[PDB]
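This is query_37.cif (mmCIF, C-alpha atoms and all ligand atoms).
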data_my_file
#
loop_
_atom_site.label_atom_id
_atom_site.label_comp_id
_atom_site.auth_asym_id
_atom_site.auth_seq_id
_atom_site.Cartn_x
_atom_site.Cartn_y
_atom_site.Cartn_z
CA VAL A 17 8.31 0.20 -19.39
CA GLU A 18 9.98 3.27 -17.81
CA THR A 19 12.57 3.08 -14.99
CA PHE A 20 12.78 5.90 -12.37
CA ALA A 21 15.00 6.48 -9.44
CA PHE A 22 13.48 7.08 -6.05
CA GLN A 23 14.26 10.38 -4.46
CA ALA A 24 17.45 9.78 -2.45
CA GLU A 25 15.87 10.17 1.03
CA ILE A 26 13.17 7.69 0.05
CA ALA A 27 15.81 5.20 -1.13
CA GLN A 28 17.41 5.75 2.27
CA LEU A 29 14.12 5.10 4.13
CA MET A 30 13.58 1.84 2.20
CA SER A 31 17.17 0.69 3.03
CA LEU A 32 16.48 1.45 6.70
CA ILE A 33 13.18 -0.55 6.68
CA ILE A 34 14.92 -3.39 4.89
CA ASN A 35 18.08 -3.47 6.99
CA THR A 36 16.96 -2.55 10.52
CA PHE A 37 16.52 -5.41 12.94
CA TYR A 38 12.87 -5.06 13.97
CA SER A 39 10.64 -8.06 14.77
CA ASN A 40 7.21 -6.28 14.86
CA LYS A 41 6.69 -6.63 11.14
CA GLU A 42 2.88 -7.28 11.29
CA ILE A 43 2.15 -3.58 11.34
CA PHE A 44 2.65 -3.41 7.57
CA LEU A 45 -0.98 -4.65 7.15
CA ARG A 46 -2.46 -1.91 9.33
CA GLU A 47 -0.50 0.72 7.39
CA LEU A 48 -1.65 -0.39 3.94
CA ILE A 49 -5.30 -0.87 5.10
CA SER A 50 -5.04 2.63 6.53
CA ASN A 51 -3.79 3.97 3.20
CA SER A 52 -6.72 2.18 1.47
CA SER A 53 -9.11 3.81 4.00
CA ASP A 54 -7.56 7.23 3.31
CA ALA A 55 -7.90 6.68 -0.48
CA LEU A 56 -11.55 5.67 0.03
CA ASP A 57 -12.19 8.82 2.17
CA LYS A 58 -10.85 10.99 -0.69
CA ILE A 59 -13.08 9.62 -3.43
CA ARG A 60 -16.06 9.63 -1.00
CA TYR A 61 -15.32 13.35 -0.07
CA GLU A 62 -14.87 14.41 -3.69
CA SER A 63 -18.06 12.47 -4.67
CA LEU A 64 -20.20 14.66 -2.36
CA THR A 65 -19.37 17.75 -4.42
CA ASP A 66 -19.26 15.90 -7.72
CA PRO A 67 -21.40 12.73 -7.73
CA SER A 68 -20.14 11.83 -11.25
CA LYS A 69 -16.88 10.70 -9.64
CA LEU A 70 -18.53 7.44 -8.61
CA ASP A 71 -19.55 6.63 -12.23
CA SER A 72 -16.52 4.26 -12.18
CA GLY A 73 -18.07 2.36 -9.20
CA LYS A 74 -20.13 3.16 -6.15
CA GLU A 75 -18.88 0.35 -3.89
CA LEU A 76 -16.23 1.55 -1.35
CA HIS A 77 -14.49 -1.49 0.16
CA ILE A 78 -11.21 -3.32 0.83
CA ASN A 79 -10.50 -6.95 -0.01
CA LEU A 80 -7.58 -8.97 1.40
CA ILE A 81 -6.56 -11.78 -1.01
CA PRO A 82 -3.78 -14.20 0.06
CA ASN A 83 -2.41 -16.64 -2.55
CA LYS A 84 -0.20 -19.43 -1.24
CA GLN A 85 0.75 -20.56 -4.72
CA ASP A 86 2.03 -17.16 -5.90
CA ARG A 87 3.22 -16.33 -2.38
CA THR A 88 1.37 -12.98 -2.64
CA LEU A 89 -0.88 -11.01 -0.36
CA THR A 90 -2.98 -8.59 -2.34
CA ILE A 91 -4.80 -5.59 -0.78
CA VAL A 92 -7.49 -4.25 -3.07
CA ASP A 93 -9.48 -1.04 -2.58
CA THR A 94 -12.00 1.00 -4.63
CA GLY A 95 -10.63 4.36 -3.50
CA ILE A 96 -9.62 7.37 -5.53
CA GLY A 97 -6.62 5.63 -7.24
CA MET A 98 -3.52 7.33 -8.64
CA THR A 99 -2.68 9.07 -11.92
CA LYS A 100 0.61 8.45 -13.66
CA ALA A 101 1.89 11.73 -12.14
CA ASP A 102 0.84 10.51 -8.70
CA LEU A 103 2.81 7.26 -9.12
CA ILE A 104 5.99 8.84 -10.41
CA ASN A 105 6.02 12.24 -8.78
CA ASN A 106 3.29 13.56 -6.53
CA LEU A 107 3.20 11.01 -3.70
CA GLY A 108 7.01 10.93 -3.61
CA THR A 109 7.11 14.71 -3.33
CA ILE A 110 4.57 14.80 -0.53
CA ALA A 111 6.45 12.01 1.27
CA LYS A 112 9.76 13.98 1.41
CA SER A 113 8.86 15.95 4.54
CA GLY A 114 7.31 12.93 6.28
CA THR A 115 10.31 10.70 5.51
CA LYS A 116 12.65 13.34 7.06
CA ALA A 117 10.42 13.78 10.14
CA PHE A 118 10.29 9.95 10.44
CA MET A 119 14.06 9.42 10.17
CA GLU A 120 14.64 12.17 12.75
CA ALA A 121 12.09 10.67 15.10
CA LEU A 122 13.81 7.25 14.83
CA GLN A 123 17.03 9.06 15.76
CA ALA A 124 15.24 10.48 18.88
CA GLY A 125 13.65 7.23 20.14
CA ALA A 126 10.60 6.36 18.01
CA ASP A 127 10.28 2.87 16.53
CA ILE A 128 9.31 1.58 13.03
CA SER A 129 5.68 0.88 14.01
CA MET A 130 5.17 4.68 14.26
CA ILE A 131 5.81 5.12 10.54
CA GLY A 132 2.19 5.77 9.71
CA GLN A 133 2.17 8.85 11.93
CA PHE A 134 4.46 10.46 9.35
CA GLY A 135 2.41 9.70 6.22
CA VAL A 136 4.92 7.23 4.73
CA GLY A 137 3.49 3.94 6.02
CA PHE A 138 3.42 2.44 2.52
CA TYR A 139 7.20 1.72 2.75
CA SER A 140 6.57 -0.61 5.71
CA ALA A 141 5.48 -3.10 2.99
CA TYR A 142 9.23 -3.79 2.51
CA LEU A 143 9.27 -5.32 6.01
CA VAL A 144 7.54 -8.34 4.58
CA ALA A 145 7.88 -8.08 0.74
CA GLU A 146 10.91 -8.51 -1.51
CA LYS A 147 8.89 -6.82 -4.26
CA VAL A 148 5.67 -4.77 -4.47
CA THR A 149 3.55 -4.32 -7.54
CA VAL A 150 0.73 -1.66 -7.47
CA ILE A 151 -2.01 -1.61 -10.11
CA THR A 152 -4.16 1.51 -9.97
CA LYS A 153 -6.79 3.40 -11.97
CA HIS A 154 -7.79 6.99 -11.31
CA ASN A 155 -10.89 8.54 -12.92
CA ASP A 156 -8.68 11.05 -14.72
CA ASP A 157 -6.04 8.66 -16.23
CA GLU A 158 -5.48 5.11 -17.59
CA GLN A 159 -4.66 1.94 -15.73
CA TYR A 160 -1.00 1.57 -14.64
CA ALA A 161 1.39 -0.87 -12.99
CA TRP A 162 4.09 0.39 -10.64
CA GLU A 163 6.71 -2.01 -9.28
CA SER A 164 9.87 -1.95 -7.07
CA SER A 165 12.09 -4.43 -5.33
CA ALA A 166 13.82 -1.43 -3.77
CA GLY A 167 17.56 -1.00 -4.75
CA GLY A 168 16.89 2.64 -5.54
CA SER A 169 14.59 2.34 -8.57
CA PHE A 170 11.06 1.66 -9.63
CA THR A 171 9.19 1.15 -12.90
CA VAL A 172 5.83 2.21 -14.33
CA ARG A 173 4.00 0.86 -17.38
CA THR A 174 0.43 0.92 -18.74
CA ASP A 175 -1.43 -2.10 -17.42
CA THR A 176 -3.61 -4.00 -19.87
CA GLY A 177 -4.49 -6.65 -17.32
CA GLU A 178 -8.10 -7.10 -16.27
CA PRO A 179 -9.57 -3.55 -15.97
CA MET A 180 -10.31 -2.35 -12.46
CA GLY A 181 -12.84 0.41 -12.76
CA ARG A 182 -11.26 2.70 -10.14
CA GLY A 183 -8.87 2.16 -7.22
CA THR A 184 -5.69 0.48 -6.14
CA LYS A 185 -4.40 -3.02 -5.82
CA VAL A 186 -1.26 -3.61 -3.80
CA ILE A 187 0.45 -6.93 -4.46
CA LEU A 188 2.94 -7.92 -1.78
CA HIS A 189 5.39 -10.56 -3.16
CA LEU A 190 6.36 -11.92 0.25
CA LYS A 191 9.86 -12.84 1.40
CA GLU A 192 10.31 -16.64 1.94
CA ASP A 193 10.27 -16.33 5.76
CA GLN A 194 7.14 -14.15 5.88
CA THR A 195 4.60 -16.65 4.63
CA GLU A 196 2.61 -16.37 7.88
CA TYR A 197 0.74 -13.41 6.39
CA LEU A 198 -0.85 -15.78 3.91
CA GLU A 199 -2.52 -17.70 6.78
CA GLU A 200 -6.18 -17.01 7.43
CA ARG A 201 -5.99 -16.98 11.22
CA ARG A 202 -2.89 -14.73 11.19
CA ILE A 203 -4.59 -12.18 8.94
CA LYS A 204 -7.80 -12.14 11.07
CA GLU A 205 -5.73 -11.65 14.23
CA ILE A 206 -3.90 -8.66 12.83
CA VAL A 207 -6.98 -6.96 11.30
CA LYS A 208 -8.73 -7.47 14.61
CA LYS A 209 -5.77 -6.03 16.60
CA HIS A 210 -4.98 -3.04 14.38
CA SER A 211 -7.79 -2.20 11.96
CA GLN A 212 -10.92 -2.86 14.12
CA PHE A 213 -12.61 0.49 13.39
CA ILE A 214 -11.96 1.08 9.73
CA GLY A 215 -15.20 2.53 8.30
CA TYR A 216 -15.33 0.38 5.16
CA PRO A 217 -15.95 -3.36 4.82
CA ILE A 218 -12.81 -5.49 4.73
CA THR A 219 -13.36 -8.94 3.17
CA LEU A 220 -10.73 -11.53 3.89
CA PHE A 221 -10.80 -14.00 0.95
CA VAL A 222 -9.85 -17.56 1.81
CA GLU A 223 -8.10 -20.28 -0.14
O1 LIG A 301 -4.29 5.10 -4.22
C1 LIG A 301 -3.76 5.27 -3.13
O2 LIG A 301 -3.66 6.53 -2.69
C2 LIG A 301 -4.18 7.58 -3.47
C3 LIG A 301 -4.91 8.55 -2.51
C4 LIG A 301 -3.96 8.97 -1.39
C5 LIG A 301 -4.30 8.59 -0.13
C6 LIG A 301 -3.49 8.92 1.10
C7 LIG A 301 -2.91 7.56 1.57
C8 LIG A 301 -1.68 7.23 0.72
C9 LIG A 301 -1.63 6.27 -0.17
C10 LIG A 301 -0.45 5.95 -1.04
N1 LIG A 301 0.80 6.29 -0.77
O3 LIG A 301 1.76 5.93 -1.70
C11 LIG A 301 3.19 6.08 -1.49
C12 LIG A 301 3.96 6.03 -2.82
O4 LIG A 301 4.61 6.98 -3.21
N2 LIG A 301 4.01 4.93 -3.67
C13 LIG A 301 4.47 5.03 -5.08
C14 LIG A 301 3.32 4.91 -6.06
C15 LIG A 301 2.79 3.50 -5.81
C16 LIG A 301 2.13 3.54 -4.41
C17 LIG A 301 3.23 3.69 -3.40
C18 LIG A 301 -0.88 5.15 -2.30
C19 LIG A 301 -1.89 4.05 -1.94
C20 LIG A 301 -1.43 3.00 -1.17
CL1 LIG A 301 0.26 2.93 -0.81
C21 LIG A 301 -2.27 2.02 -0.77
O5 LIG A 301 -1.77 1.07 0.02
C22 LIG A 301 -3.65 2.03 -1.07
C23 LIG A 301 -4.11 3.09 -1.87
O6 LIG A 301 -5.40 3.13 -2.22
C24 LIG A 301 -3.24 4.11 -2.30
#

When written as structure tokens, how does the structure in this file appear?
Ligand SMILES: O=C1OCC/C=C/CC/C=C/C(=N/OCC(=O)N2CCCCC2)Cc2c(Cl)c(O)cc(O)c21
Amino acid sequence: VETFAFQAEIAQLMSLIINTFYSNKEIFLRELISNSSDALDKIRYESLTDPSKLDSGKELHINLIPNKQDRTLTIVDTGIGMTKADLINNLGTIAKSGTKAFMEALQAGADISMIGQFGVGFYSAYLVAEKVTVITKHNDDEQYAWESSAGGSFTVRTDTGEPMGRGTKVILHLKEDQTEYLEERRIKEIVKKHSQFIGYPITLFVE
């Protein structure tokens, strides 16, 4: 297991998301579904020029899996996934400009729900989660687990859990007072409100 420090501005964004008083937390689900949709668009796009990219799985979909016993909400997609370099470096690098644009916009009157307009909507997960684990598999690399409870650092390790073929699984370890996002009717409401036109099937698993 390797420990990395977030780029400073990203550590600052996560402190802001964690510490700002902001009741409209439900948007985190829209943002992560949107990220899954964008990851699915990428492998679909690349597959048109190279059909061998779907050898790791043709199905393009999103599953929502709540688990009251683990207090986890898991978003699973079969999109393009992330390499080790993606996890540690690339996405963080890309997110620098968006994080700065976002912080400035919040200075000028925007609110937290607008985060996804800046390409950094993943960090809205920390509105509801004390810890986030991401398992991912990209066609060009092995399976990895990334994890952070914020505080300025994250870790990455090889994952030898059940193999996933290709894609990303985001595991939201929910804060004690956010267990409403484990409820079936709450999840349906929010998907209906915010993610009505996503062009992949979203399956809400029940308990
Ligand atoms: O694999 C994913 O994107 C790969 C293709 C890129 C698509 C554009 C949408 C952005 C998505 C993401 N931005 O990450 C922000 C980030 O630095 N870190 C650290 C590494 C762990 C993931 C979060 C990662 C991602 C997220 Cl977050 C997701 O909820 C679903 C996903 O399928 C993917």

Protein and nucleic acid residues within 6 Å of ligand LIG 301 (chain A) (all atoms listed in the file) as a VMD selection string: chain A and resid 48 51 to 52 54 to 55 93 95 to 98 103 107 to 108 138 150 162 184

Atomic separation - atom CA of residue A:205 relative to atom CA of residue A:92, Å: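 Separation of atom CA of residue A:92 and atom CA of residue A:205: 18.9 Å.
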
Residue with smallest distance to residue A:43 - pool A:167, A:215, A:181, A:137, counting all atoms listed in the file: A:137

Straight-line distance linking atom CA of residue A:203 with atom CA of residue A:36, stated in Å to one decimal: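 About the pair atom CA of residue A:203 and atom CA of residue A:36: they are 23.7 Å apart.
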
Polymer residues at most 12 Å from stretch 187-201 of chain A, all atoms listed in the file, same-chain spacing of 5 or more positions, as a ChimeraX atom specification: /A:34,39-45,48,79-93,138-152,161-165,206-208,219-223

For stretch 147-216 of chain A against stretch 99-102 of chain A, with a cut-off of 12 Å and counting only C-alpha atoms, what is the closest atom pair and its distance in Å to one decimal for every residue that makes the cut, ordered by chain and number, as a Markdown table?
| residue | atom | partner | partner_atom | distance |
| --- | --- | --- | --- | --- |
| A:150 | CA | A:100 | CA | 11.9 |
| A:151 | CA | A:99 | CA | 10.9 |
| A:152 | CA | A:99 | CA | 7.9 |
| A:153 | CA | A:99 | CA | 7.0 |
| A:154 | CA | A:99 | CA | 5.6 |
| A:155 | CA | A:99 | CA | 8.3 |
| A:156 | CA | A:99 | CA | 6.9 |
| A:157 | CA | A:99 | CA | 5.5 |
| A:158 | CA | A:99 | CA | 7.5 |
| A:159 | CA | A:99 | CA | 8.3 |
| A:160 | CA | A:100 | CA | 7.1 |
| A:161 | CA | A:100 | CA | 9.4 |
| A:162 | CA | A:100 | CA | 9.3 |
| A:171 | CA | A:100 | CA | 11.3 |
| A:172 | CA | A:100 | CA | 8.2 |
| A:173 | CA | A:100 | CA | 9.1 |
| A:174 | CA | A:100 | CA | 9.1 |
| A:175 | CA | A:100 | CA | 11.4 |
| A:182 | CA | A:99 | CA | 10.8 |
| A:183 | CA | A:99 | CA | 10.4 |
| A:184 | CA | A:99 | CA | 10.8 |

Closest of A:118, A:77, A:125, A:23 to residue A:57 - atom-to-atom distances counting all atoms listed in the file: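 The answer is A:77, which sits nearest to residue A:57.
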
Residue nearest residue A:204 among A:64, A:46, A:37, A:168 (counting all atoms listed in the file):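 Of the candidates, the smallest distance to residue A:204 is held by A:46.
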
Atom CA of residue A:110 to atom CA of residue A:25, distance in Å rounded to a single decimal: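 Straight-line distance from atom CA of residue A:110 to atom CA of residue A:25 works out to 12.3 Å.
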
Shortest interatomic distance to residue A:132 - which of A:120, A:115, A:38, A:74, counting all atoms listed in the file: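 For residue A:132, the nearest of the candidates is A:115.
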
Selected residue, from A:214, A:68, A:75, A:134, that lies nearest to residue A:122 when counting only C-alpha atoms: A:134
